[PDB]
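Data first, discussion second: the structure below is written as structure tokens.
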Amino acid sequence: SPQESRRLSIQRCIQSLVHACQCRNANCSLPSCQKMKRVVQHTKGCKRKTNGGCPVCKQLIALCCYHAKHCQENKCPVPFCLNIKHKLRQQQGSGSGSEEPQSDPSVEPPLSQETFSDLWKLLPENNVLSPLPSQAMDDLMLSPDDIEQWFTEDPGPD
Ligand SMILES: [Zn+2]
Ligand SMILES: [Zn+2]
Ligand SMILES: [Zn+2]
């Protein structure tokens, strides 16, 4: 079924992200690795990320949100996963604060979370975690064909 092919394409994209994050070769021969290495390096240096939403940074965070919704690990190889999982828990009452990830200021990540709370404006706040009758809240924001388009349709003047 196309729902399975969609979930599988997203799972391949998540495995591409984990590979690129653990991979130490800038010249790695995988197209999956090269897509995610160039995207994570772009996202780390971009100034448009949350200035109305950069299409690279926004969709990398869409994939990290989808991954964090399935993930349970306390030291996962995905870069945004754990603090996204804290932000997802805060929408369900499993975490505290909104302008902070917890009631304590010393437990915050090295990156200022004013960026993180603005990443939370690029994705819908309720729709993604809304009450559900059957498992579909995952495929809700992705397709099997957009997995390439998000990263390969590089912006330009025309
Ligand atoms: Zn690699
Ligand atoms: Zn960007
Ligand atoms: Zn994870």
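Chain identifiers are assigned as A, B, and so on, following the order in which chains appear in the structure tokens; residues are numbered from 1 within each chain, and ligands are numbered from 1 in order of appearance.
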Contact table chain A vs ligand 2, cut-off 8 Å, shortest pair per residue, only C-alpha atoms and all ligand atoms, as a tab-separated table:
```
residue	atom	partner	partner_atom_place_in_ligand_line	distance
A:42	CA	ligand 2	1 (Zn)	6.1
A:43	CA	ligand 2	1 (Zn)	5.2
A:45	CA	ligand 2	1 (Zn)	7.6
A:46	CA	ligand 2	1 (Zn)	4.5
A:47	CA	ligand 2	1 (Zn)	6.6
A:48	CA	ligand 2	1 (Zn)	5.4
A:49	CA	ligand 2	1 (Zn)	4.6
A:53	CA	ligand 2	1 (Zn)	7.8
A:54	CA	ligand 2	1 (Zn)	4.5
A:55	CA	ligand 2	1 (Zn)	6.6
A:56	CA	ligand 2	1 (Zn)	5.2
A:57	CA	ligand 2	1 (Zn)	4.8
A:58	CA	ligand 2	1 (Zn)	7.7
```
Would you list the contacts of residue 141 of chain A as a count of residues only, taking every protein, DNA or RNA residue within 9 Å and counting only C-alpha atoms, but skipping same-chain residues closer than 2 positions in sequence? 7
I'd like the contact shell of residue 70 of chain A - 12 Å cut-off, only C-alpha atoms, skipping same-chain residues fewer than 4 positions apart - returned as a PyMOL selection string. chain A and resi 7+11+14+63-66+76+81-82+84-85+88+135+137-138
Collect all residues with atoms no farther than 6 Å from ligand 1, counting only C-alpha atoms and all ligand atoms, and output them as an MDAnalysis selection string. chainID A and resid 19:20 23 28 33
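For ligand 3, the set of protein, DNA and RNA residues within 7 Å, based on only C-alpha atoms and all ligand atoms, reads residues 67, 68, 71, 72, 73, 76, 77, 78, 81 and 82 of chain A.
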With C-alpha atoms retained, write the just-selected residues as an mmCIF file, in the first residue's frame.
```cif
data_model
loop_
_atom_site.group_PDB
_atom_site.id
_atom_site.type_symbol
_atom_site.label_atom_id
_atom_site.label_comp_id
_atom_site.auth_asym_id
_atom_site.auth_seq_id
_atom_site.Cartn_x
_atom_site.Cartn_y
_atom_site.Cartn_z
ATOM 1 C CA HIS A 67 11.670 10.777 14.173
ATOM 2 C CA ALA A 68 11.320 12.117 17.802
ATOM 3 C CA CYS A 71 11.998 7.681 19.387
ATOM 4 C CA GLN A 72 12.491 6.825 23.124
ATOM 5 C CA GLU A 73 16.346 7.074 23.535
ATOM 6 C CA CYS A 76 20.111 9.376 20.183
ATOM 7 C CA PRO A 77 22.520 10.045 17.168
ATOM 8 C CA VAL A 78 19.931 12.457 15.546
ATOM 9 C CA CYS A 81 15.728 14.584 18.429
ATOM 10 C CA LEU A 82 16.182 14.790 22.260
#
```
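Residues in contact with segment 92-101 of chain A at 8 Å, where only C-alpha atoms are counted and same-chain residues fewer than 4 positions away are skipped, are listed as residues 83, 86, 87, 88, 105, 108, 113, 114 and 117 of chain A.
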Have a look at A:123, A:136, A:107, A:32 and name the one nearest to residue 9 of chain A; count only C-alpha atoms. A:32
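In terms of minimum interatomic distance to residue 51 of chain A, A:119 ranks closest within A:125, A:132, A:119, A:158, counting only C-alpha atoms.
The space between atom CA of residue 60 of chain A and atom CA of residue 39 of chain A spans 7.7 Å.
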Looking at only C-alpha atoms, which of A:36, A:10, A:26, A:21 is the one that sits closest to residue 151 of chain A? A:36
Using backbone DSSP assignments, extract all helix (DSSP H, G or I) residues from segment 70-125 of chain A; output them as a PyMOL selection string. chain A and resi 70+81-91+113-119
